[PDB]
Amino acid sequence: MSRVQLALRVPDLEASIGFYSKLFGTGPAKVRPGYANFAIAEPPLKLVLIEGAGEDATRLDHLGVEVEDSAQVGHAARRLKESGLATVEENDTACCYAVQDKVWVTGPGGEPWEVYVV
C-alpha cells in the first residue's frame, strides 16, 4: 500500500493550494509558510507543494515513493543497491518537525527520487 509522492515547485503557493483542493476534492493536510501537502486517498498520492522564489512556472522539485514502515525503506534500499543504482540513505532525520527514514536515487536526467516513511 505504498504511494507516489509528487513534489512540485510552484510560483504561487496559495493559488496552487486552491487549485489542488478543487482537483482532488480535499483540502491540504499540512500548511506552512512556503509549503503545503495533500494526502490523497484516491488516487493514492502524496502531493507536496513548495513555493518557489520569484518563479514563473511550476516545475518538478522531486519525486518519491512513500512506504508504510522503515522495514520497507530498508528493503528498498537493499534492492535498489543490488540492482546497481547509486543510493544515498538517510536515517531518523529531522526536517518538517517530522521524522523520516529514506533512500535517494537519481534518474539519468537528474530527477531525484526518495523512498521514504513518515
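So that there is no doubt, residue numbering starts at 1 and follows the sequence shown. Think of the rigid core as the biggest set of C-alphas that the two forms share within 1.5 Å after superposition.
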Completion exercise
Superposing the other structures by the rigid core, the farther-displaced stretch by RMS over CA atoms in 4 other deposited structures of this protein, of 24-32 and 47-55, is 47-55
Handout entry: residue 100: gap in at least one third of other compared structures
Key = yes
Problem - Other compared entries missing residue 87, a third or more - result: no
Exercise for the section: Take the C-alpha B-factors listed in the entry for 69-77 and for 56-64, compute each mean, and give the stretch with the larger one. Expected result: 69-77
Fill in the blank from the handout: Taking the deposited Cα B-factors and averaging over 83-91 and over 41-49, the higher mean is found in 83-91
Fill in the blank from the handout: In this crystal structure's PDB entry, the residue among 103, 10, 23, 99 with the greatest CA B factor is 99
Problem - residue 118 CA temperature factor, ranked by third within the chain - result: highest
